[PDB]
Structure formats: C-alpha cells, structure tokens
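# Make a model of this:
(5 chains, ligands or ions: 7)
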Amino acid sequence: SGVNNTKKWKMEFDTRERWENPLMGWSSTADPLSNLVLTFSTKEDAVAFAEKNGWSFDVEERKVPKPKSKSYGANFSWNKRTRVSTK
Amino acid sequence: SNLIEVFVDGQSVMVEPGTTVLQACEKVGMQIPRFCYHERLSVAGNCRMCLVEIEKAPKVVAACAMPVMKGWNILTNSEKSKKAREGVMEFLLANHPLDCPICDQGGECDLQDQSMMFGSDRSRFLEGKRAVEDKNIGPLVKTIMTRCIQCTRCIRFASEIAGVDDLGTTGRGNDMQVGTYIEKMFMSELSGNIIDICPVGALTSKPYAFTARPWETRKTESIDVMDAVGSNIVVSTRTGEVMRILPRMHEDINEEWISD
Amino acid sequence: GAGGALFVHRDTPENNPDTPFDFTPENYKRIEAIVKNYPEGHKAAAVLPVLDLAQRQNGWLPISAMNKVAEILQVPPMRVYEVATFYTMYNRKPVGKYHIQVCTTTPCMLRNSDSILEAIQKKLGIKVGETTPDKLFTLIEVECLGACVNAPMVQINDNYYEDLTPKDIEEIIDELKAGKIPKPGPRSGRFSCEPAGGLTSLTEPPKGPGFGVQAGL
Amino acid sequence: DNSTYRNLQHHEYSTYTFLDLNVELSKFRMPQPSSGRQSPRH
Amino acid sequence: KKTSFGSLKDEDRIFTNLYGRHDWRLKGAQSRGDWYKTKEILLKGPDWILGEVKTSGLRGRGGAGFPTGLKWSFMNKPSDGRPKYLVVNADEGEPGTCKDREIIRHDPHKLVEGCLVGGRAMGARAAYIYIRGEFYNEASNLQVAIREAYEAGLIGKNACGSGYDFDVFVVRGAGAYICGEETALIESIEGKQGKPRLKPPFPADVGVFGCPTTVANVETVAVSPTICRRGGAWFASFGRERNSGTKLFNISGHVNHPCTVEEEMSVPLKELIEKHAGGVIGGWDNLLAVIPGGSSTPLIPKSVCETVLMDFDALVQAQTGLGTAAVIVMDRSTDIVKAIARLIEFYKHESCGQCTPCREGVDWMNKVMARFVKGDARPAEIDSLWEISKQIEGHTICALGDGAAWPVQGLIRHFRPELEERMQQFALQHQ
Ligand SMILES: Cc1cc2nc3c(=O)[nH]c(=O)nc-3n(C[C@H](O)[C@H](O)[C@H](O)COP(=O)(O)O)c2cc1C
Ligand code: SF4
Ligand code: SF4
Ligand code: SF4
Ligand code: FES
Ligand code: FES
Ligand SMILES: [Mg+2]
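Numbers count the residues shown, from 1 in each chain, chains lettered A, B, ... in the order given. Ligands and ions are numbered 1, 2, ... in the order given. See the structure here:
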C-alpha cells in the first residue's frame, strides 16, 4: 500500500534478447543499455533529455487514483445496500 | 463552496465535508501508516495503526475512520502519534511467526517495511507465541494463517467486491481465526485478488510459491488479452523468464484487480 | 487459560451436513413470532434467538442445524457459523443432559469457590472439562454469572443455586441423580441477597401510591 | 408480611416458557416498520 | 448544604421490592406506587420530562457516569423518516455486579414503566430489552410482566390513554461480556457478532438497524419514572453536587454478610461495609484492599479507603472511579496478585478481539500476570508491564481495553513491594 515509489518520472529502454548460457545456464544479454534507468523530476525534463540525446520516446501521462469518499456510517445503513453482513 | 479548512502540521488545506483525517493527510502529501484500510473496501478500524494526534485533543483518533471538521490541526509526526504507532507494531509483532526467510512476501511485506519505518527495533515479548492450523481454500491461494494479523481485508473484499460470503471470523479473543469454518474452496473469477490485498504472507500465490524474490524481478507494464476488457497488467520477469502477472491501477478499466 | 475447543469443523459420521434436523411445527410458530418481533427487511436480527431455539430442541448445534437456520432466515451460512462460534452458550458438541457451570471469577474465588469444584470433581469422578461415561452430567468452568453477591454459585440448565457448600452441592448432584429436580435458589435459609441477620433496609411497610408526587401533577 | 418469600413461581418454569410468552404477546403489538426492501442483499 | 451522607430513610428508597418480600406482579407494583399517574407524565410532553431529568442530576449507572439528561437530549430531534428506538442495557457482565438482576426479577413493572417514560421523552417508537442469556428465569419474569402490562392496556397501541404507541421487546444474548458495551449490544441485536463499532457515528444518529438509538442502563430507566413523579429536586437533594441521587451497592468478597443495599450516594466506604454488610471478616484491621466499582476500576488499599466516599468525583480523585458501585473486599489473608491475575484472565477470555491492542496486549498481560503469580519474572519487567498497559489504554475501540489496563496499573501502583518480594523469594528458592 506504499506510494513512495510513484513520485518521480522514470526513463527506461526497451527489452531486447536474452538467452541461456550454454555453460552453467546463466542469462546472457547482448545489449549494454538493458540495465539503464534514469530518474527525472518532471515529464518535461525527461522529454528534453530524450530529445537532446536523440532517442525516440514514448511518454505516458501519470495516473493518480481519483478521490474516493469513504464513510464509516454507511456500513450500518438502515435501507441502502451498503450494509455490511459482518465486520 | 462548502469546503472546510483543516490544518496538517500547521499547513492549511481545503477538504470537502465527510473527508477523513487520512485523506486530508494524503491531500497534503503524507501517507498515514495503515494495515486494514483499503480505499476500495469499507472502513474497518481494526489494526489501529492509523492512530494520529489532533492538537488540543487528549485522545488519539483513528485517521482512517474519523471525519475531519473545521479547525483541526493534525499532528502526524508528534510524539504521541509515534508512540502509538510503536505500540501498535509491538502488539502486531508480539505473536507474528519468525517466517521471514521462508515467507513468500519477504521483500514486499507491509509489516516489514512499516516496522522498519514506524516501529521499534527490538522485542520485549518474553512469552511463547501462538500457532493456528492452515486452511485449504483451493489450488490458487496458498494459506498460512499463522502469519495472519486479522485485518479482515479479505473478508470485506469477498463480501463486497466478489459478492461471495465464504470468508469470516470464527472465535473470540486472541484465538479468533479467519477462514470458512468448513472444508470449502473459495472459488470465484476474482479469487486471486485476495493475495494482493492481504498485507502479510498469510495468503500467497500457490503456483508462484518459492519461485522468486521481489527485488530480483523486472517489471514490464503491458495489457492483458485473455478477455475484451483489456485490463492493465505488470509482467514480473526474472532473467528472461516470466515469473508472474500483477494487476496495474487504472480507474477506468479494471480499477486495481484482474481476473483469475 | 487455554480454551481447548476447536473453532474449525471437520466432517464426522455423527456431525455432517447430512445429519437429520428439522423444526417441529410449534418451533415454527415460535420462529414466526421471533421474526415478527424485528422490523421488516432485517430478518437477520433473528439469528441469535432462532439458533438458541434449535439448541433447546436438540441439546446441541450440529452443522445441519446451522445450515437449516441459515436457510430459514435467508442469510449466508458463514454468518451463522460466526454467530455460533462467537457466543459461548452455543454448544457445538454434544453435552450431558445436566450442564454444570461453576463460576470461578475473583468475587467467587474469594469465597472459596475451588472447594465446590473439587467436590463436584470427586462426586462425579471426572475432570473439569470432561463428561460422565453415562452421559448425564458435564462439568465446565465459567466466568461471572451475575450472582457475585450470592457467591459461591452454580448454574445447571437455566437454574441458579447460590450460597453453595460441598455438602449442598453433593446433595444437589445426588437429587439430580435420583430424578427429582432440586429447587433453584440460595442455600442456608436465605433468599435474594439480603443480610443474613442484618436486615438493615426495607423493614417498615411500603408506602402507597402517590406518596410524594410533586405539585402540578 | 416481609418474613416470607414471594417469588416461588420461577420454580415452575419450563424450557419453552420464554418463547411461549413471546408467541402469545405477538398479537398485542403494532406492525413493524419497513426498510423498503426484502433484505440488504436484495 | 448537607455535609454528612449515608443515612437513607427506608421510606425514601426507590426500589421498595428489592429483596422480593412482596408481590412482584402488576397488583404488587400498583400497591407500591408504580403505574401511578403515568398518563399525566406522558401528556406533559418530552421537553418537560427531559428538563426534569436534567435538573435531577441523574448520571449514568452503567459505569460510564455520563449525565443521562444530556445523553437523552440528543435523541430529541424532528423525525427523519426513520424509527427511533430505546435500548436497555441488561447484560450485567461486570464481575461483582448484581443490582440489575435483582431489580429485573423482583420489580419488573418499574423497569417497564421507565422504558415507556424514556421512550416518550426521546420519542422512541419501541424499546428493546437485552437481558443476559444466562438470566433465563428473570427474563421470563420480565416477559410475564410485559404481558400483564399489555392486558391492562398500559403499553402498546394507545398506551395509558395518551394516544402514544410504545412496544416493549425482550431479546436474550448468549454468554458475552463484551455485549454489555452499547455498540456491541447494538451489533448483537442486529444479529452479528458482539463487536463494538467505532464512533462517530454515535447511536443517537446511527444506532440499531441504522436508526437513531439510545442505550440506557436498567437502573437509570428504572429510576426515571420515580424521579418524574416525585420531582427532580427531591432526587437532587441526596448526595453531593454533580453526584446526586441514591445508588444500589453490591458488597461482596470477604464480608460477613455480602448483600445488595440501596443507599444515599456519598456514603463512606467504611460506613457502608460496617452498617449493611456486617463488616470485614476478622475485623476492620483485617482489611487489605477493596475494588469499589467492579473489575474495571483499580483497587485501593486500606489507608485510602479509610476515609473515602462513594461518588464519581471523590473516587476519581482517589485514582479509581465509581464505575458500577460493585464493592469487592479482600482481607489480609488472600493473594491479591492471584485475584488480579484472575481478573486479567477473565478480561482475556471476554474480549471480542477485533482490534489488535486489546486482543494481543490483554493476552500478553494475562501471560505476564500468570508468571508474576509464581514470581518467575524479574523486577525490570514490572515497569515493562506498566508500559504495556499504557500502550493499551486509549488506543482501543471500546473501553474493555481500558478496563483491562486499569486493574494492572492499580495493583502495580499499590503493591509493587509485594510483587518484588514474591519474585525475590522465587529467585531464592530456585537459586
Ligand atoms: C466491555 C464493557 C461491558 C459493559 N457491560 C455493561 C453491563 O453489563 N451493564 C451496563 O449497564 N453497562 C455496561 N457497560 C457500560 C456501557 O457503556 C453502558 O451500559 C452504556 O454506555 C450506557 O450506560 P448508561 O445507561 O449508564 O448511560 C459496559 C461497557 C463496556 C466497555
Ligand atoms: S508476513 Fe511479512 S513479517 Fe511475517 S514472516 Fe512474512 S515477510 Fe516476515
Ligand atoms: S488473511 Fe490477510 S487479508 Fe485476511 S484477515 Fe488475515 S491478514 Fe487480513
Ligand atoms: S478493546 Fe477488546 S473488546 Fe473492545 S473492540 Fe477492541 S478487541 Fe474488542
Ligand atoms: S488503518 Fe485505520 S484502524 Fe487500521
Ligand atoms: S463472580 Fe461469580 S457470578 Fe460473577
Ligand atoms: Mg499477501
């Protein structure tokens, strides 16, 4: 339920091929940028960085949970269906 | 409008009447500790972890269930609130089993993280702990009820979101248990979601058991295609192999749940 | 201390959902009255009485009785299970036809309430939680029963016996064994918690109606 | 007068006296109010 | 004006059939002054009754001690289209308390008339009596009394010729001390487990079945009609200021004649023991401790109880509180640690367990006290226990957590040397 990891913007590269090592069965990657991740304060800064370095980018708007009205009184409702069967 | 002025740590903010203390704290930008409160579920008030101090009030109120009124100054980082949180975590961890190395919720446990941030660092519990027998609710949810903290979140989810009244609390006092009281399989199209809401490793994913750790995995945000709803998912992989699928929040399509 | 009773149910040939149980027509009339007591749309409020009525018909509550109550009241069986396992007066296992409950809370324990428990154990030859081999008596230890001022006391099937002594409890047990039902009430020639020789209150005859009505009424 | 005890009736109470009294009082009571639905699950 | 209290005249008591020496049916109640001029009281209005109760100075007899006039006043609002109900608290779960049983099985008509008067004052449509499940004979006695009232056209449609319809219902619990709590009782009546619900919403807004509700003790509603009939000033004459009225005292434990007696409020504890109960067994010098308000209130030693009064304010000053006025005495020949451990075990057995503080902490305190009885702990643990109690009190949902923390706090505060001595002995024998 923690929300402290959804505060900053992240820029990351697309996933490429990984294969099984013929000896010892490890995972091998042929691309250098796979583990790279960058942190930006705002969307504009990340977009500016991507344009400056000449990388094509896909940007997605931040999703924030909508305000929800919660009432303790609703559980013990006289006629509405929000009555709880048990607590 | 009808908005009322409330203070969080001396900072004013407008809140619609009927807003709880916890929601005002989120509006200011702070997350009150919680174990039983879920926004998509009815308010319970069991865990008492959200206890916060209102200025010039001798009693600590539960931020999740207490509506706020004009003029209140919520002292979230006050000494009284910190002591209340420490006491609540001490009581919660008094009977918790030492199962962290073998628990499937090792690096993603709300109990662990909230004990690290808001709890103490040692125990004065010198007695023996309790132990309850495991329940069997099907081949999807692995059940280990010794780790249950009795937050009654799965019960509320089953009763309201899933519309199935199979789960409930049997017993009284310390030995009150969460289960079905009979050998019954909790079967529904939304059965697996109780794994996510359960803050502890009491309910875990049976096919995913003993497979990976949360810090190892890489998260890829993608779209589910098994139905026409198009619910958003997070594919959790590890060394080029899909480990599991998790729901992703989208208030307009699937909220925060996915089908079995 | 420890409870000793399990709060989960495992199927038994004696206790299974196929165990026959149904209400007699008079019990159906009583259930109708009980349901009519509560406002319409809130029949679930009748879970507690009806369930207890089932016990009075059967002596204990099998899983079939719980399912029947849930079916009659149109509530999920899990809620009936919750109610049955929460409250202590609901017997989820068979008991003897006479259920002895001894109060051992501090007001009773102060007035030598252990001697009566030992006397019952010796007379019946059973421990504090077992039942007689012939299935007549069932001893159990319980909390305050609301008669602290008349301690020590014992409850046997909705009957209160107060100011008990080992001789008195053995006499009650053997009268129950004979068949005649002993009269409820305190022993040692006292009734309803008055001082034995004090009588410091309620001596003069009671005053009649309208003794001290204020003016204007 | 006050020497004797006058609460000896409860010595003759059976296991169905409460329910029988309820069922006979059932005809003396006003109709209950309604919530507008059969049950909260309806 | 008056300074000395503790001399209540026999004709001036409220419950004249307390010991059951007279007939408890309708004829006996009418002969003793019950159901007299009730129509005039009903026709006088709810405002007049509420004002009479407020000027009476009556306070809650269940243990909370809140004023009942102010509590009753909350329900006096215009109808919102939802029926209003009155709930009578007859659980009697508190150890040492027996008054409600004796006034429900020997004078039920006063209870019924008080239910009617309270319903009229608060505009309640009907009253629900929640009698304790173990109280079976007295529940049937109350039911028979209710039937008699219905026949005499005293309740029900057009009760007392005032054009007001009031219905009295009796429901039975099943062995739960937590069901005494008002919200837990409302939940139990609604058909769920007896788990207390949080506040707000208060029962005056969202109570039984979601309707406005007011929970009042048996003694409060029982004495309400007598206060209405004889005036509130007469009731306010007894006791001190903010402690007016007469009270039913149960005296039990190590006394020669444990008994229930009705007495003026601010009667000294020593006078109450020596006069009615016959004194402490083995003399007054044999007294060791006394719990004046049932298990919830902390105990006080002999020195504090030598010159202490029985009312809310004086007993709060003694760090105890009056509670339900259930005096339990213990002489010097008992293990007080064992008694307090038994009380903590009772609280452990009688907790609903929905909130973690009460559940876990009370089990923890039960284990610690069981270890203290043998002296198996170390002195540094004693303060630890104190802290545990402070981590329970004020953090729970209902007052059962506070009522389990207070006895431990009182025992520690007044008999720490006894605990230290016992553990020192255990260390000495066990080396
Ligand atoms: C755990 C618990 C148990 C209680 N049991 C009783 C009881 O058995 N009888 C009673 O009159 N009050 C009991 N009370 C006090 C109730 O709060 C009280 O009945 C209610 O608040 C109304 O009290 P009043 O009638 O004095 O205003 C209990 C309180 C708690 C916390
Ligand atoms: S539930 Fe959390 S605290 Fe408990 S054993 Fe599992 S990881 Fe550890
Ligand atoms: S199983 Fe999980 S969700 Fe359910 S009550 Fe226990 S901790 Fe809460
Ligand atoms: S304090 Fe105890 S009895 Fe009261 S609600 Fe919490 S767990 Fe239940
Ligand atoms: S989060 Fe509010 S009491 Fe649990
Ligand atoms: S202490 Fe024995 S009946 Fe309450
Ligand atoms: Mg989990």
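# ok, and the closest non-adjacent residue to the closest residue to ligand 5 within chain D?
Distances between chain D and ligand 5 by CB to the nearest ligand atom are smallest at residue D:40, namely 23.8 Å. In this view, the C-beta of every residue, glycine as well, is placed from N, C-alpha and C. Among residues not flanking residue D:40 along the chain, residue A:83 sits closest, at 3.8 Å (CB to CB, 6 or more residues apart in numbering or on different chains).
# tell me the phi and psi of that neighbour?
Per-residue torsions, residue A:83: phi -70, psi 130 (degrees, to the nearest 10).
# Equivalent analysis for residue E:204, please.
According to degrees, to the nearest 10, residue E:204 has phi -70, psi -20.
# Test my guess that the residue nearest to residue D:40 contacts residue B:42.
No - applying CB atoms under 8 Å as the test, residue A:83 and residue B:42 come out as separate, 10.0 Å apart.
# if I look at the two, which residues touch both of them?
Common neighbours of residue A:83 and residue B:42, using CB atoms under 8 Å, 6 or more residues apart in numbering or on different chains, are residue A:75.
# show me the contacts for residue E:198.
By CB under 8 Å, 6+ apart, residue E:198 lies in contact with A:72, B:45, B:62, B:65, E:183, E:397.
# which of the residues you listed sit farthest apart?
Across those, the longest distance by CB to CB is 14.5 Å; it joins B:62 and E:183.
# The two: who's more crowded?
A count of neighbours by other CB atoms under 10 Å in any protein chain shown puts residue B:62 above the other of residue B:62 and residue E:183, at 27 against 23.
# what's the spacing between the more buried one and residue C:166?
Per CB to CB, to the nearest Å, residue B:62 is found 51 Å from residue C:166.
# now do residue A:38
84 Å.
# just residue A:12 next, same as before
Counting by CB to CB, the separation of residue A:12 from residue C:166 is 82 Å.
# Residue B:150 too?
Residue B:150 is 43 Å from residue C:166, by CB to CB.
# Those two - which one has more neighbours?
Counted by other CB under 10 Å, residue B:150 and residue C:166 do not tie: residue B:150 has more neighbours, with 24 against 16.
# ok so, going back, enumerate every residue touching the residue nearest to residue D:40.
Contacts of residue A:83 (CB under 8 Å, 6+ apart): A:75, A:76, A:77, D:40, E:210.
# same deal with residue B:126?
Shown in contact with residue B:126 (CB under 8 Å, 6+ apart): residue E:381.
# Wait, a strand at it?
No - under the criterion used here (DSSP: H, G, I helix; E, B strand; the rest coil), residue B:126 is coil, not part of a strand.
# What number of residues are in the vicinity of residue A:47?
15.
# quick one, phi/psi of it?
Per degrees, to the nearest 10, the backbone of residue A:47 is at phi -60, psi -40.
# Look up how far ligand 7 lies from it.
Using CB to the ion, to the nearest Å, one gets 37 Å for the distance from residue A:47 to ligand 7.
# if I read this right, that residue contacts residue A:56, doesn't it?
No - if you go by CB under 8 Å, residue A:47 and residue A:56 don't touch, sitting 11.6 Å apart.
# By proximity to ligand 5, which residue of chain A wins?
residue A:1 (9.5 Å).
# quick one: that residue and residue B:108 touch, right?
No - contact criterion CB under 8 Å: residue A:1 and residue B:108 do not qualify, at 10.8 Å.
# Now stretch E:387-405: buried residues?
E:388-389, E:391-405 (16 or more other CB atoms under 10 Å in any protein chain shown).
# Now for the residue in chain A sticking out farthest from the centre: which residues touch it?
Distance from the centre of chain A peaks at residue A:78, with 41.2 Å (CA atoms, centre = their mean). Contacts for residue A:78 (CB under 8 Å, 6+ apart) come out as D:35, E:82, E:209, E:210, E:211.
# Excluding covalently adjacent residues, which one is nearest to residue B:28?
Residue B:28 sits nearest to residue B:8 (CB to CB, 6+ apart), 4.1 Å away.
# Can you classify residue B:5 as helix, strand or coil?
Three-state call for residue B:5 (three-state DSSP): strand.
# Next, work out how far apart it and ligand 2 are.
The gap separating residue B:5 from ligand 2 is 40 Å, by CB to the nearest ligand atom, to the nearest Å.
# Show me what that residue is bridged to.
residue B:14 (DSSP bridges).
# From what I see, it and residue B:14 are in contact.
Yes - with contact defined as CB under 8 Å, residue B:5 reaches residue B:14; the gap is 6.4 Å.
# residues in contact with the residue of the stretch 51-200 of chain B found nearest ligand 7?
Closest residue of the stretch 51-200 of chain B to ligand 7, CB to the ion: residue B:198 (3.9 Å). Applying CB under 8 Å, 6+ apart, one finds that residue B:198 lies in contact with B:153, B:154.
# Could I get the phi/psi values of it?
Main-chain dihedrals, residue B:198, degrees, to the nearest 10: phi -60, psi 110.
# Residue B:237 now?
Note on residue B:237: its backbone torsions stand at phi -120, psi 170 [degrees, to the nearest 10].
# Quick check: nearest residue in space to the residue of the stretch 151-300 of chain E found nearest ligand 1, chain neighbours excluded?
As assessed by CB to the nearest ligand atom, ligand 1 sits closest to residue E:180 within the stretch 151-300 of chain E, at 2.0 Å. What sits nearest to residue E:180 in space, not counting adjacent residues and going by CB to CB, 6+ apart, is residue E:91, at 3.7 Å.
# same deal with residue B:239?
Counting by CB to CB, 6+ apart, the residue nearest residue B:239 is residue A:27, at 3.8 Å.
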